[PDB]
Amino acid sequence: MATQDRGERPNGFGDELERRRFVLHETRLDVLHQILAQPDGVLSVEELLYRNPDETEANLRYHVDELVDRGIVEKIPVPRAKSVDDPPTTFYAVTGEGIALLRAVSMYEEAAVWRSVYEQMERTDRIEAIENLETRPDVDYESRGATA
Amino acid sequence: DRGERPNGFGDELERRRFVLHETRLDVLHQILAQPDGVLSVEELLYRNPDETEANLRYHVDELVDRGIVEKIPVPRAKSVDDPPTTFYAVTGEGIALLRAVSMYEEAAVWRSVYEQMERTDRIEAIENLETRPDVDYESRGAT
Ligand SMILES: [Cl-]
Ligand SMILES: [Cl-]
Ligand SMILES: [Cl-]
Ligand SMILES: [Cl-]
Ligand SMILES: [Cl-]
């Protein structure tokens with residue numbers, strides 16, 4: 001987006017501001033930072049529920065669905081893992097555009113701060129099983145502008 | 001052990017959402033664009049003729065209350081009729097907040113835009129008032 005058009009704000013300016021205000025929401029940033037802090041950068045809804053035990057599934061889905069609709073989060077369907085009852089078959093990753101948006105509001109580097117907190121978090125057998133599923137997608141974050 | 005943020009976090013998000021507002025960003029960019037870095041309400045009304053004075057003043061007052069803009073009283077100039085006696089400047093904290101939302105760098109383009117703004121003689125006279133305070137955004141931006 002240009003800075004100006006004929007000395008005025010460019011046409012999509014107000015919509016860009018709305019997009020930036022949208023991402024500046026504590027539960028949405030919790031989701032985005034949790035995803036980014038995970039070593040392979042993907043999480044299922046079941047895993048997000050575990051990390052956010054004060055929120056309802058309905059509320060978490062509402063924020064994830066909104067994030068996907070806006071192109072900030074990518075919905076990745078995956079096969080059924082053979083080893084596990086009722087495994088997650090959808091995982092979520094942050095997109096290149098989402099990383100760009102987080103950088104624009106100075107909320108991207110904040111994710112790294114939380115890696116060791118989630119690495120050390122106490123896990124149930126079920127969460128350990130999900131974190132080790134063979135069907136977790138492999139996302140190339142380097143190509144999405146992530147810091148290495 | 002699953003991540004608690006402080007309450008300070010929610011308040012910082014709210015501060016960032018507050019500044020991501022087109023009229024407020026227009027005010028801030030207009031102030032930063034001015035070569036001496038200060039503007040009167042008369043000068044802001046001139047630049048934002050589609051806004052009501054009450055609404056423009058609302059935005060300025062909200063920016064001052066949050067410490068993003070500084071209100072600076074000055075003496076009454078002898079040289080012009082009914083001169084402004086309050087000028088507004090962006091604060092150090094306001095610069096830090098604009099940088100946090102990626103809105104500070106573009107101030108150089110706005111300077112260039114506003115250099116080309118058509119001026120009335122009244123606005124010219126106000127721009128040359130001896131009572132205009134002096135602010136240095138290089139110093140405020142570094143501290
Ligand atoms: Cl431009
Ligand atoms: Cl799930
Ligand atoms: Cl960042
Ligand atoms: Cl005035
Ligand atoms: Cl900036």
# chains A, B, ... in the order shown; residues from 1 in each chain; ligands from 1
call {"tool": "residues_around", "arguments": {"residues": "stretch 113-122 of chain B", "least_positions_apart": "4", "cutoff": "9 Å", "atoms": "only C-alpha atoms", "output": "list in words"}}
result
residues 4, 6, 7 and 8 of chain A; 30, 33, 34, 35, 47, 80, 108, 109, 126 and 127 of chain B
call {"tool": "write_last_selection", "arguments": {"atoms": "N, CA, C and O atoms", "output": "PDB file, in the first residue's frame"}}
result
ATOM      1  N   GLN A   4       0.438   7.574   0.351  1.00  0.00           N
ATOM      2  CA  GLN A   4      -0.508   8.614  -0.059  1.00  0.00           C
ATOM      3  C   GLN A   4      -0.962   8.350  -1.458  1.00  0.00           C
ATOM      4  O   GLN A   4      -0.268   7.712  -2.258  1.00  0.00           O
ATOM      5  N   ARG A   6      -2.565  11.228  -4.223  1.00  0.00           N
ATOM      6  CA  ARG A   6      -2.961  12.637  -4.380  1.00  0.00           C
ATOM      7  C   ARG A   6      -2.970  13.402  -3.053  1.00  0.00           C
ATOM      8  O   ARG A   6      -3.792  14.314  -2.843  1.00  0.00           O
ATOM      9  N   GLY A   7      -2.039  13.068  -2.170  1.00  0.00           N
ATOM     10  CA  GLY A   7      -1.905  13.796  -0.912  1.00  0.00           C
ATOM     11  C   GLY A   7      -2.891  13.334   0.154  1.00  0.00           C
ATOM     12  O   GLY A   7      -2.919  13.881   1.213  1.00  0.00           O
ATOM     13  N   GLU A   8      -3.699  12.335  -0.147  1.00  0.00           N
ATOM     14  CA  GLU A   8      -4.687  11.791   0.788  1.00  0.00           C
ATOM     15  C   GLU A   8      -4.306  10.370   1.165  1.00  0.00           C
ATOM     16  O   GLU A   8      -3.427   9.767   0.551  1.00  0.00           O
TER      17      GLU A   8
ATOM     18  N   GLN B  30       0.115  15.279  10.564  1.00  0.00           N
ATOM     19  CA  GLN B  30       0.103  16.715  10.248  1.00  0.00           C
ATOM     20  C   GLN B  30       1.011  17.476  11.170  1.00  0.00           C
ATOM     21  O   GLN B  30       1.754  18.351  10.698  1.00  0.00           O
ATOM     22  N   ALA B  33       4.601  16.573  10.300  1.00  0.00           N
ATOM     23  CA  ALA B  33       4.914  17.121   8.989  1.00  0.00           C
ATOM     24  C   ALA B  33       5.317  18.574   9.016  1.00  0.00           C
ATOM     25  O   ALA B  33       6.021  19.044   8.137  1.00  0.00           O
ATOM     26  N   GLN B  34       4.838  19.311  10.006  1.00  0.00           N
ATOM     27  CA  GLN B  34       5.090  20.751  10.078  1.00  0.00           C
ATOM     28  C   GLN B  34       6.560  20.976  10.393  1.00  0.00           C
ATOM     29  O   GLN B  34       7.089  20.382  11.333  1.00  0.00           O
ATOM     30  N   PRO B  35       7.232  21.857   9.619  1.00  0.00           N
ATOM     31  CA  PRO B  35       8.671  21.980   9.873  1.00  0.00           C
ATOM     32  C   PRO B  35       9.067  22.293  11.329  1.00  0.00           C
ATOM     33  O   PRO B  35      10.032  21.680  11.789  1.00  0.00           O
ATOM     34  N   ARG B  47      -6.540  22.011   7.898  1.00  0.00           N
ATOM     35  CA  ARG B  47      -6.119  20.790   7.264  1.00  0.00           C
ATOM     36  C   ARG B  47      -7.192  19.700   7.230  1.00  0.00           C
ATOM     37  O   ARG B  47      -7.044  18.765   6.452  1.00  0.00           O
ATOM     38  N   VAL B  80      -0.670  39.684  15.001  1.00  0.00           N
ATOM     39  CA  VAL B  80      -1.838  39.274  14.222  1.00  0.00           C
ATOM     40  C   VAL B  80      -3.057  39.359  15.105  1.00  0.00           C
ATOM     41  O   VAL B  80      -2.943  39.233  16.312  1.00  0.00           O
ATOM     42  N   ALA B 108       8.028  11.504   6.904  1.00  0.00           N
ATOM     43  CA  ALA B 108       8.844  12.208   5.870  1.00  0.00           C
ATOM     44  C   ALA B 108       8.035  12.466   4.582  1.00  0.00           C
ATOM     45  O   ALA B 108       8.108  13.557   4.010  1.00  0.00           O
ATOM     46  N   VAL B 109       7.239  11.488   4.147  1.00  0.00           N
ATOM     47  CA  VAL B 109       6.341  11.719   3.014  1.00  0.00           C
ATOM     48  C   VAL B 109       5.295  12.780   3.334  1.00  0.00           C
ATOM     49  O   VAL B 109       5.011  13.685   2.510  1.00  0.00           O
ATOM     50  N   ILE B 126       0.039  32.833  10.726  1.00  0.00           N
ATOM     51  CA  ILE B 126       0.101  31.985  11.916  1.00  0.00           C
ATOM     52  C   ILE B 126       1.387  31.134  11.876  1.00  0.00           C
ATOM     53  O   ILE B 126       2.008  30.906  12.928  1.00  0.00           O
ATOM     54  N   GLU B 127       1.800  30.703  10.689  1.00  0.00           N
ATOM     55  CA  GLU B 127       2.989  29.865  10.574  1.00  0.00           C
ATOM     56  C   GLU B 127       4.253  30.645  10.884  1.00  0.00           C
ATOM     57  O   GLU B 127       5.261  30.058  11.274  1.00  0.00           O
TER      58      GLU B 127
END
call {"tool": "closest_atom_pairs", "arguments": {"of": "stretch 68-139 of chain A", "to": "stretch 18-35 of chain A", "cutoff": "9 Å", "atoms": "only C-alpha atoms", "output": "CSV"}}
result
residue,atom,partner,partner_atom,distance
A:70,CA,A:19,CA,8.4
A:72,CA,A:23,CA,8.9
A:73,CA,A:32,CA,8.1
A:92,CA,A:35,CA,7.6
A:93,CA,A:35,CA,6.5
A:94,CA,A:32,CA,7.0
A:98,CA,A:32,CA,8.9
A:101,CA,A:20,CA,7.0
A:102,CA,A:23,CA,7.7
A:104,CA,A:20,CA,7.9
A:105,CA,A:20,CA,6.8
A:107,CA,A:29,CA,8.0
A:108,CA,A:33,CA,7.8
A:110,CA,A:33,CA,7.4
A:111,CA,A:33,CA,4.5
A:112,CA,A:33,CA,7.9
A:114,CA,A:33,CA,7.5
A:115,CA,A:34,CA,8.2
A:118,CA,A:34,CA,7.8
call {"tool": "write_last_selection", "arguments": {"atoms": "N, CA, C and O atoms", "output": "PDB file, in the first residue's frame"}}
result
ATOM      1  N   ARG A  70      -9.597 -14.068   7.522  1.00  0.00           N
ATOM      2  CA  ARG A  70      -8.763 -12.945   7.172  1.00  0.00           C
ATOM      3  C   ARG A  70      -7.390 -13.260   6.596  1.00  0.00           C
ATOM      4  O   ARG A  70      -6.631 -12.351   6.281  1.00  0.00           O
ATOM      5  N   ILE A  72      -4.849 -14.693   8.042  1.00  0.00           N
ATOM      6  CA  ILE A  72      -3.805 -14.574   9.045  1.00  0.00           C
ATOM      7  C   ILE A  72      -3.308 -15.952   9.481  1.00  0.00           C
ATOM      8  O   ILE A  72      -2.115 -16.130   9.741  1.00  0.00           O
ATOM      9  N   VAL A  73      -4.249 -16.900   9.540  1.00  0.00           N
ATOM     10  CA  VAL A  73      -3.990 -18.295   9.919  1.00  0.00           C
ATOM     11  C   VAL A  73      -4.409 -19.166   8.749  1.00  0.00           C
ATOM     12  O   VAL A  73      -5.407 -18.884   8.084  1.00  0.00           O
ATOM     13  N   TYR A  92      -3.421 -25.807  12.362  1.00  0.00           N
ATOM     14  CA  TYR A  92      -3.415 -24.395  12.002  1.00  0.00           C
ATOM     15  C   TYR A  92      -2.002 -23.856  12.081  1.00  0.00           C
ATOM     16  O   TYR A  92      -1.297 -24.129  13.047  1.00  0.00           O
ATOM     17  N   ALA A  93      -1.627 -23.037  11.093  1.00  0.00           N
ATOM     18  CA  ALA A  93      -0.301 -22.398  10.997  1.00  0.00           C
ATOM     19  C   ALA A  93      -0.528 -20.897  10.776  1.00  0.00           C
ATOM     20  O   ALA A  93      -1.595 -20.481  10.367  1.00  0.00           O
ATOM     21  N   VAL A  94       0.453 -20.071  11.076  1.00  0.00           N
ATOM     22  CA  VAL A  94       0.372 -18.644  10.723  1.00  0.00           C
ATOM     23  C   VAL A  94       0.872 -18.462   9.278  1.00  0.00           C
ATOM     24  O   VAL A  94       1.828 -19.102   8.843  1.00  0.00           O
ATOM     25  N   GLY A  98       0.079 -13.166   7.824  1.00  0.00           N
ATOM     26  CA  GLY A  98      -0.101 -13.043   9.268  1.00  0.00           C
ATOM     27  C   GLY A  98       1.163 -12.619   9.971  1.00  0.00           C
ATOM     28  O   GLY A  98       1.105 -11.801  10.902  1.00  0.00           O
ATOM     29  N   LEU A 101       1.612  -8.960   9.324  1.00  0.00           N
ATOM     30  CA  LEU A 101       0.688  -8.204  10.099  1.00  0.00           C
ATOM     31  C   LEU A 101       1.163  -8.080  11.537  1.00  0.00           C
ATOM     32  O   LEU A 101       1.103  -7.016  12.114  1.00  0.00           O
ATOM     33  N   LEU A 102       1.650  -9.177  12.124  1.00  0.00           N
ATOM     34  CA  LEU A 102       2.155  -9.140  13.488  1.00  0.00           C
ATOM     35  C   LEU A 102       3.355  -8.208  13.591  1.00  0.00           C
ATOM     36  O   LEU A 102       3.453  -7.446  14.578  1.00  0.00           O
ATOM     37  N   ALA A 104       3.925  -5.610  11.745  1.00  0.00           N
ATOM     38  CA  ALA A 104       3.405  -4.240  11.552  1.00  0.00           C
ATOM     39  C   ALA A 104       2.855  -3.647  12.857  1.00  0.00           C
ATOM     40  O   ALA A 104       2.880  -2.419  12.998  1.00  0.00           O
ATOM     41  N   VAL A 105       2.371  -4.470  13.811  1.00  0.00           N
ATOM     42  CA  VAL A 105       1.883  -3.988  15.113  1.00  0.00           C
ATOM     43  C   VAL A 105       2.821  -4.375  16.262  1.00  0.00           C
ATOM     44  O   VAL A 105       2.436  -4.333  17.424  1.00  0.00           O
ATOM     45  N   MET A 107       4.069  -7.210  17.286  1.00  0.00           N
ATOM     46  CA  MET A 107       3.656  -8.385  18.087  1.00  0.00           C
ATOM     47  C   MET A 107       4.201  -9.701  17.557  1.00  0.00           C
ATOM     48  O   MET A 107       3.701 -10.776  17.934  1.00  0.00           O
ATOM     49  N   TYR A 108       5.183  -9.669  16.662  1.00  0.00           N
ATOM     50  CA  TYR A 108       5.746 -10.935  16.119  1.00  0.00           C
ATOM     51  C   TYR A 108       6.856 -11.456  17.025  1.00  0.00           C
ATOM     52  O   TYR A 108       6.864 -12.636  17.426  1.00  0.00           O
ATOM     53  N   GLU A 110       7.379 -10.997  20.092  1.00  0.00           N
ATOM     54  CA  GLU A 110       6.817 -11.443  21.356  1.00  0.00           C
ATOM     55  C   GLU A 110       6.594 -12.949  21.403  1.00  0.00           C
ATOM     56  O   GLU A 110       6.688 -13.503  22.467  1.00  0.00           O
ATOM     57  N   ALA A 111       6.315 -13.619  20.277  1.00  0.00           N
ATOM     58  CA  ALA A 111       6.063 -15.071  20.323  1.00  0.00           C
ATOM     59  C   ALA A 111       7.271 -15.852  20.878  1.00  0.00           C
ATOM     60  O   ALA A 111       7.114 -16.800  21.647  1.00  0.00           O
ATOM     61  N   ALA A 112       8.475 -15.450  20.482  1.00  0.00           N
ATOM     62  CA  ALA A 112       9.713 -16.182  20.860  1.00  0.00           C
ATOM     63  C   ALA A 112       9.907 -16.234  22.371  1.00  0.00           C
ATOM     64  O   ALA A 112      10.445 -17.217  22.916  1.00  0.00           O
ATOM     65  N   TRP A 114       7.821 -16.792  24.579  1.00  0.00           N
ATOM     66  CA  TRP A 114       7.034 -17.921  25.136  1.00  0.00           C
ATOM     67  C   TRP A 114       7.417 -19.341  24.799  1.00  0.00           C
ATOM     68  O   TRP A 114       6.784 -20.284  25.299  1.00  0.00           O
ATOM     69  N   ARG A 115       8.448 -19.554  23.983  1.00  0.00           N
ATOM     70  CA  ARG A 115       8.831 -20.903  23.573  1.00  0.00           C
ATOM     71  C   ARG A 115       9.132 -21.813  24.759  1.00  0.00           C
ATOM     72  O   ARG A 115       8.642 -22.941  24.839  1.00  0.00           O
ATOM     73  N   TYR A 118       5.983 -22.848  26.914  1.00  0.00           N
ATOM     74  CA  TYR A 118       5.232 -23.980  26.335  1.00  0.00           C
ATOM     75  C   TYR A 118       6.039 -25.257  26.222  1.00  0.00           C
ATOM     76  O   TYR A 118       5.483 -26.355  26.384  1.00  0.00           O
TER      77      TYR A 118
END
call {"tool": "atom_distance", "arguments": {"atom1": "atom CA of residue A:50", "atom2": "atom CA of residue A:123"}}
result
8.9 Å
call {"tool": "atom_distance", "arguments": {"atom1": "atom CA of residue B:103", "atom2": "atom CA of residue B:9"}}
result
20.5 Å
call {"tool": "closest_residue", "arguments": {"among": "B:142, B:55, B:102, B:68", "to": "chain A", "atoms": "only C-alpha atoms"}}
result
B:102
call {"tool": "residues_near_ligand", "arguments": {"ligand": "ligand 2", "cutoff": "8 Å", "atoms": "only C-alpha atoms and all ligand atoms", "output": "PDB file with N, CA and C atoms, in the first residue's frame"}}
result
ATOM      1  N   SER A  44      -3.426 -27.910  16.727  1.00  0.00           N
ATOM      2  CA  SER A  44      -4.829 -28.259  16.560  1.00  0.00           C
ATOM      3  C   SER A  44      -5.674 -27.451  17.548  1.00  0.00           C
ATOM      4  N   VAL A  45      -6.965 -27.396  17.312  1.00  0.00           N
ATOM      5  CA  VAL A  45      -7.897 -26.806  18.274  1.00  0.00           C
ATOM      6  C   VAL A  45      -7.811 -27.514  19.632  1.00  0.00           C
ATOM      7  N   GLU A  46      -7.639 -28.834  19.641  1.00  0.00           N
ATOM      8  CA  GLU A  46      -7.556 -29.566  20.868  1.00  0.00           C
ATOM      9  C   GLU A  46      -6.347 -29.073  21.709  1.00  0.00           C
ATOM     10  N   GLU A  47      -5.231 -28.854  21.041  1.00  0.00           N
ATOM     11  CA  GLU A  47      -4.027 -28.313  21.679  1.00  0.00           C
ATOM     12  C   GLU A  47      -4.187 -26.846  22.155  1.00  0.00           C
ATOM     13  N   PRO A  87      -7.994 -38.663  16.375  1.00  0.00           N
ATOM     14  CA  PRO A  87      -6.964 -37.632  16.328  1.00  0.00           C
ATOM     15  C   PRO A  87      -7.452 -36.377  15.655  1.00  0.00           C
ATOM     16  N   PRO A  88      -6.807 -35.234  15.958  1.00  0.00           N
ATOM     17  CA  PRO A  88      -7.097 -34.048  15.160  1.00  0.00           C
ATOM     18  C   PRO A  88      -6.795 -34.262  13.683  1.00  0.00           C
ATOM     19  N   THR A  89      -7.677 -33.788  12.824  1.00  0.00           N
ATOM     20  CA  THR A  89      -7.459 -33.857  11.405  1.00  0.00           C
ATOM     21  C   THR A  89      -7.382 -32.478  10.766  1.00  0.00           C
ATOM     22  N   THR A  90      -7.284 -31.442  11.584  1.00  0.00           N
ATOM     23  CA  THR A  90      -7.019 -30.089  11.090  1.00  0.00           C
ATOM     24  C   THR A  90      -5.982 -29.494  11.973  1.00  0.00           C
ATOM     25  N   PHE A  91      -4.947 -28.884  11.361  1.00  0.00           N
ATOM     26  CA  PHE A  91      -3.950 -28.146  12.084  1.00  0.00           C
ATOM     27  C   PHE A  91      -3.938 -26.714  11.552  1.00  0.00           C
TER      28      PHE A  91
END
call {"tool": "select_by_dssp", "arguments": {"residues": "chain B", "states": "strand (DSSP E)", "output": "number ranges by chain"}}
result
B: 69-73, 86-90
call {"tool": "closest_residue", "arguments": {"among": "B:78, B:140, B:71, B:99", "to": "ligand 3", "atoms": "only C-alpha atoms and all ligand atoms"}}
result
B:99
call {"tool": "residues_around", "arguments": {"residues": "residue A:133", "least_positions_apart": "5", "cutoff": "12 Å", "atoms": "only C-alpha atoms", "output": "CSV table (one decimal) with N, CA, C and O atoms, in the first residue's frame"}}
result
chain,number,residue,atom,x,y,z
A,40,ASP,N,7.2,-26.9,15.7
A,40,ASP,CA,6.9,-27.0,14.3
A,40,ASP,C,5.8,-26.0,13.8
A,40,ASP,O,5.4,-26.1,12.6
A,42,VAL,N,2.7,-25.4,14.2
A,42,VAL,CA,1.3,-25.8,14.0
A,42,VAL,C,0.7,-26.3,15.3
A,42,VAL,O,1.3,-26.9,16.1
A,43,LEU,N,-0.6,-26.0,15.4
A,43,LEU,CA,-1.4,-26.5,16.5
A,43,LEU,C,-2.8,-26.9,16.1
A,43,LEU,O,-3.4,-26.2,15.2
A,44,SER,N,-3.4,-27.9,16.7
A,44,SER,CA,-4.8,-28.3,16.6
A,44,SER,C,-5.7,-27.5,17.5
A,44,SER,O,-5.2,-26.9,18.5
A,78,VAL,N,-5.5,-32.7,7.5
A,78,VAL,CA,-4.5,-33.8,7.4
A,78,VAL,C,-5.2,-35.1,7.5
A,78,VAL,O,-6.3,-35.2,8.0
A,79,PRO,N,-4.5,-36.2,7.1
A,79,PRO,CA,-5.1,-37.5,7.2
A,79,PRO,C,-5.3,-37.9,8.7
A,79,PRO,O,-4.7,-37.3,9.6
A,80,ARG,N,-6.2,-38.9,8.9
A,80,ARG,CA,-6.3,-39.5,10.2
A,80,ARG,C,-5.1,-40.3,10.6
A,80,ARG,O,-4.7,-41.3,10.0
A,81,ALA,N,-4.4,-39.9,11.7
A,81,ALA,CA,-3.3,-40.7,12.2
A,81,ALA,C,-3.8,-42.1,12.7
A,81,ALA,O,-4.8,-42.2,13.4
A,82,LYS,N,-3.0,-43.1,12.4
A,82,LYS,CA,-3.4,-44.5,12.6
A,82,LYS,C,-3.3,-44.9,14.1
A,82,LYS,O,-4.0,-45.8,14.5
A,83,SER,N,-2.5,-44.2,14.8
A,83,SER,CA,-2.0,-44.7,16.1
A,83,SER,C,-2.9,-44.4,17.3
A,83,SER,O,-2.6,-44.8,18.4
A,84,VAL,N,-3.9,-43.6,17.1
A,84,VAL,CA,-4.5,-42.7,18.1
A,84,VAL,C,-6.1,-42.7,17.9
A,84,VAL,O,-6.5,-42.6,16.7
A,85,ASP,N,-6.8,-42.8,18.9
A,85,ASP,CA,-8.3,-42.6,18.8
A,85,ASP,C,-8.6,-41.1,18.5
A,85,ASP,O,-8.0,-40.2,19.1
A,86,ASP,N,-9.5,-40.9,17.6
A,86,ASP,CA,-10.1,-39.6,17.2
A,86,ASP,C,-9.0,-38.5,17.2
A,86,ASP,O,-9.1,-37.5,17.9
A,87,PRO,N,-8.0,-38.7,16.4
A,87,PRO,CA,-7.0,-37.6,16.3
A,87,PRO,C,-7.5,-36.4,15.7
A,87,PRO,O,-8.4,-36.4,14.9
A,88,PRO,N,-6.8,-35.2,16.0
A,88,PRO,CA,-7.1,-34.0,15.2
A,88,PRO,C,-6.8,-34.3,13.7
A,88,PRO,O,-5.8,-34.9,13.4
A,89,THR,N,-7.7,-33.8,12.8
A,89,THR,CA,-7.5,-33.9,11.4
A,89,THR,C,-7.4,-32.5,10.8
A,89,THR,O,-7.4,-32.4,9.5
A,91,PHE,N,-4.9,-28.9,11.4
A,91,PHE,CA,-4.0,-28.1,12.1
A,91,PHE,C,-3.9,-26.7,11.6
A,91,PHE,O,-4.3,-26.5,10.4
A,126,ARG,N,-2.5,-37.6,26.4
A,126,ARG,CA,-3.2,-37.3,25.2
A,126,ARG,C,-2.5,-36.2,24.4
A,126,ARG,O,-2.4,-36.3,23.2
A,127,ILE,N,-2.1,-35.1,25.1
A,127,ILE,CA,-1.4,-34.0,24.4
A,127,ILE,C,0.0,-34.5,23.9
A,127,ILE,O,0.4,-34.2,22.8
A,128,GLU,N,0.7,-35.3,24.7
A,128,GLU,CA,1.9,-35.9,24.2
A,128,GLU,C,1.7,-36.8,22.9
A,128,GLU,O,2.5,-36.7,21.9
A,138,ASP,N,4.3,-30.2,7.9
A,138,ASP,CA,5.6,-29.6,7.9
A,138,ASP,C,5.5,-28.4,7.2
A,138,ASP,O,5.4,-28.4,6.0
call {"tool": "interface_residues", "arguments": {"of": "chain B", "to": "chain A", "cutoff": "10 Å", "atoms": "only C-alpha atoms", "output": "PyMOL selection string"}}
result
chain B and resi 1-5+9-22+26+97-103+105-107+109-110+112-114+116-117
call {"tool": "residues_around", "arguments": {"residues": "residue B:86", "least_positions_apart": "2", "cutoff": "8 Å", "atoms": "only C-alpha atoms", "output": "number ranges by chain"}}
result
B: 40-41, 71-74, 84, 88
call {"tool": "select_by_dssp", "arguments": {"residues": "chain A", "states": "alpha helix (DSSP H)", "output": "ChimeraX atom specification"}}
result
/A:13-23,26-37,45-51,57-69,96-104,110-113,115-120,125-131
call {"tool": "atom_distance", "arguments": {"atom1": "atom CA of residue B:52", "atom2": "atom CA of residue B:82"}}
result
20.8 Å
call {"tool": "closest_residue", "arguments": {"among": "A:143, A:109, A:56, A:99", "to": "ligand 3", "atoms": "only C-alpha atoms and all ligand atoms"}}
result
A:109
call {"tool": "closest_residue", "arguments": {"among": "B:57, B:66, B:24, B:29", "to": "ligand 4", "atoms": "only C-alpha atoms and all ligand atoms"}}
result
B:57
